[PDB]
Q: 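Sharing a structure here in structure tokens format.
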Amino acid sequence: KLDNXX
Amino acid sequence: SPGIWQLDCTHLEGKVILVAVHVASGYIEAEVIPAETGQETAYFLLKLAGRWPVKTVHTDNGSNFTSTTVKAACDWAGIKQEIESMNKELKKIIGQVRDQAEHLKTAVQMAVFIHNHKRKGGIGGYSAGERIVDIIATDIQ
Amino acid sequence: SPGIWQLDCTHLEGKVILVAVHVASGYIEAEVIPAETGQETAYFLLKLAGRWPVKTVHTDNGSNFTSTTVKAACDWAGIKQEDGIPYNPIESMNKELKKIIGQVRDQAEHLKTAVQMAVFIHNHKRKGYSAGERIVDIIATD
Ligand SMILES: [Cl-]
Ligand SMILES: [Cl-]
């Protein structure tokens with residue numbers, strides 16, 4: 001995931 | 001016409017996306033906000049105006065645009081308050097990248113990037129980000 | 001060179017302002033963020049990169065830039081990160097931006113609005129061309 005995720 | 005913008009709202013996932021389209025180029029900027037308030041609208045318009053030479057904004061006339069804080073922002077920045085495809089195109093890009101981001105805001109800004117940098121047509125074509133910059137540079141000169 | 005930006009942070013009223021400077025023109029963009037985190041810094045850079053053709057960013061090598069979210073953002077946007085590298089002869093621009101913010105602070109209820117008014121002033125000041133006129137002239141490909 002690009003942001004906080006992942 | 002180099003200083004004219006249109007501003008529109010889209011509702012997704014219970015959030016609001018404010019979308020500014022530079023009419024002559026198709027270039028966009030967008031921000032994700034909790035609700036469509038006068039405070040957020042004014043803040044978005046001052047940010048836009050410190051970046052580009054904004055003379056006129058066309059809007060949906062909703063109550064966020066009528067507020068005294070938006071009028072004070074527009075007065076200060078020299079903005080007069082007096083493309084629907086671009087928005088459907090943005091919405092469609094957002095859907096296609098949506099799953100690559102935890103938050104709607106990151107997907108929105110990826111879609112903005114994809115939209116503004118995509119070449120239209122063949123070899124010889126331009127992106128919207130190239131068009132806006134070329135329109136404004138030519139106007140100054 | 002048209003694609004080279006420098007990012008700097010400055011702290012005011014106990015808040016953080018991230019400033020991106022287009023080195024060739026002196027044009028600036030700025031945002032108040034709640035803290036110098038990886039995710040806030042990533043989101044700032046994703047927005048900047050969607051707006052202008054950003055090839056390289058010089059940073060102060062703060063921990064927010066060494067974060068993997070920032071690295072993911074820069075690789076997705078194709079930005080080359082140059083951490084801890086000065087392009088030479090800035091804290092003037094911070095002291096200047098804060099000077100202007102100080103001049104308009106009494107016209108805005110909240111600091112974030114004052115920062116945007118200060119960016120507008122800075123980019124429109126004739127020095128003859130403004131920073132806003134110079135950045136477009138430099139970047140235009142025709
Ligand atoms: Cl709206
Ligand atoms: Cl920083």
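Keep in mind that the numbers below use all heavy atoms, side chains included, and drop hydrogens, waters and symmetry copies. Convention: sequence-line order gives letters A, B, ...; per-chain numbering from 1.
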Q: Between C/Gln116 and B/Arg51, is there a side-chain donor-acceptor contact under 3.5 Å, judged purely by atom types and distance?
A: no
Q: Counting only heavy atoms not in B/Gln39 (residues, nucleotides, ligands), do more than 12 fall under 6.0 Å from its CD?
A: no
Q: Atom NZ of residue position C/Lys98 - does it have more than 12 heavy atoms of other residues, nucleotides or ligands inside 6.0 Å?
A: yes
Q: Does a sphere of radius 6.0 Å around CG in C/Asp106 hold more than 12 heavy atoms from other residues, nucleotides or ligands, not counting ones at 6.0 Å or beyond?
A: yes
Q: Within a radius of less than 6.0 Å around OH of C/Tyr87, do more than 12 heavy atoms belonging to other residues, nucleotides or ligands occur?
A: yes
Q: Before accepting this row, confirm whether a basic side-chain N of the pair B/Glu13/B/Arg98 lies closer than 4.0 Å to the acidic partner's carboxylate O.
A: yes
Q: Check the surroundings of atom NE2 in C/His110: do more than 12 heavy atoms from other residues, nucleotides or ligands lie under 6.0 Å from it?
A: no
Q: Does either side chain, that of C/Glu82 or that of C/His58, offer a donor lying less than 3.5 Å from an acceptor on the other one?
A: yes
Q: Less than 4.0 Å between a side-chain N and a carboxylate O, is that true for B/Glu84 and B/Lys88?
A: no
Q: When you compare the side chains of C/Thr37 and C/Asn64, does any donor N or O come within less than 3.5 Å of an acceptor on the partner?
A: no
Q: Regarding C/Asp8 and C/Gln6, is there a side-chain donor-to-acceptor distance under 3.5 Å anywhere?
A: yes
Q: Do B/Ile79 and B/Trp5 make a side-chain contact, defined as non-hydrogen atoms from C-beta onward lying under 4.5 Å apart?
A: no
Q: Is a donor on one side and an acceptor on the other found under 3.5 Å between the side chain of B/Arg131 and the backbone of B/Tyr27?
A: no
Q: Are C/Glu31 and B/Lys47 ion-paired here, with the side-chain N under 4.0 Å from a carboxylate O?
A: yes
Q: Have B/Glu36 and B/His11 got a donor and an acceptor in their side chains that come within less than 3.5 Å?
A: yes
Q: Provide the closest heavy-atom pair for C/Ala20 versus C/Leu7 in the form atom of the first, atom of the second, distance.
A: CB-CD1, 3.8 Å
Q: Quick one: is the NZ or CZ of B/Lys120 closer than 6.0 Å to the six-membered ring centre of B/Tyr126, and within 45° of its axis?
A: no
